[PDB]
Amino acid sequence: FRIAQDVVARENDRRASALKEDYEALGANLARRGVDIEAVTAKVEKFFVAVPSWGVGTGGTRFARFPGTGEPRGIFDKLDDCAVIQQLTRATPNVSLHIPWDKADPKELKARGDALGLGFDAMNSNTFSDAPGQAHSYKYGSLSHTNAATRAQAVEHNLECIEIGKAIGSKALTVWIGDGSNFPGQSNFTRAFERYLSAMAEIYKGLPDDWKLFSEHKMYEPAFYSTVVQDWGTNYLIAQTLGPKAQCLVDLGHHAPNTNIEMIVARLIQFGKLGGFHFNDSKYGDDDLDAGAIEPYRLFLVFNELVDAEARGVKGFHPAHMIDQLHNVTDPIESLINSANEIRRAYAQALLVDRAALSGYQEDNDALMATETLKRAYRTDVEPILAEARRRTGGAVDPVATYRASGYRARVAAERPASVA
């Protein structure tokens, strides 16, 4: 137990009365609306989202990085920190690894995970930066580099990520590369994409029977003129071309200004290529901010599409849910805690939508009542449901408050040496 149980007990007890009052009030209100709050809570306590190992330490921008105290010095410290998020929220049992950042002996990783009560989500490869001892630089590309030897090196790296993942329990590989160009003419758009397609086809061949291969699109950055996998259209072409095991991963902050992201989600589901999500919030570019901190409604609208998918009986639809954020000005553990909470919040509200009524308003083109039907769910304060879900599963009624009360940060600050060079 990273967090003392007596502390979780104390803080939960301190807030029990208020929770009881709020939950019961919400329960009665929902009952009057024909909704069984217990049914919603039962589903909420089972919604899980993977935590990114690279989001447990303080992030930075191209301008600067401002680390806080007790920064994890490696993957093992990071797993320890992830154990806190899971213990308090009970919504993040799995961790997303990034190779070579989290490169370590597979058995050790697995041993630490089991010891902490954590599993492992999709593996993430890294061919957007050079590691020591590389025969080829990824400066001008990786899987789509004009140099065949460079593409071969990148492929091998991805295959290695699969080997690591199989050893620890992962069942998928997410591939995001920075490949693209910063000047018109630098790249032949089509040849670059063909090179990429050939490389991914090879990686596809090393995929176990029950594995998935996710390609993640991104409009720009690091490439500032064109990117090979720039949007969901190119992404669909990739998934369709590679095969059944290949699907598309949607990272919320990777779209052009004003893009209707929830529609992209609906389109990918309709064609069975919605592999998973990378949750975060943003206002300008790929800001990688705490989920829902900027546009909570958009997050709800995305979950509205996910729940509608179930409502329509979409077969074998099991998207992977993951947080992909950077925390530059907050305690990473606290931001990941509240971000996971926000995601469960959007999910819970999505479950409250009266889709029978909505179905009717859409059929009769009653736009005003249709939008009001969604709003009736989104406006509902489901915090009591999230808190009760946590209480029932061993978590904290108020996770960040309990986190601060434990003094975990000061503790790890004393155990961990700050990076000097």
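When you see a residue number, it is the position in the sequence shown, counting from 1.
- When 32-40 is weighed against 387-395, 32-40 comes out higher, by mean CA B-factor as recorded in the entry.
- Comparing 214-222 with 123-131, the stretch with the higher mean C-alpha B-factor in the PDB entry is 123-131.
- Going by the entry's values, 198 shows the largest Cα B-factor out of 87, 182, 198, 330.
- As recorded in the entry, 112 carries the highest CA temperature factor of 267, 112, 344, 298.
- When the modelled residues of the chain are ordered by C-alpha B-factor, residue 378 sits in the lowest third.
- In this PDB entry, the Cα temperature factor of residue 106 sits in the top third of its chain's modelled residues, the highest group.
- For residue 139, the recorded CA B-factor ranks within the middle third of the chain. Only modelled residues enter the ranking.
- When the modelled residues of the chain are ordered by C-alpha B-factor, residue 94 sits in the middle third.
- When all modelled residues of the chain are sorted by CA temperature factor, residue 239 is found within the middle third.
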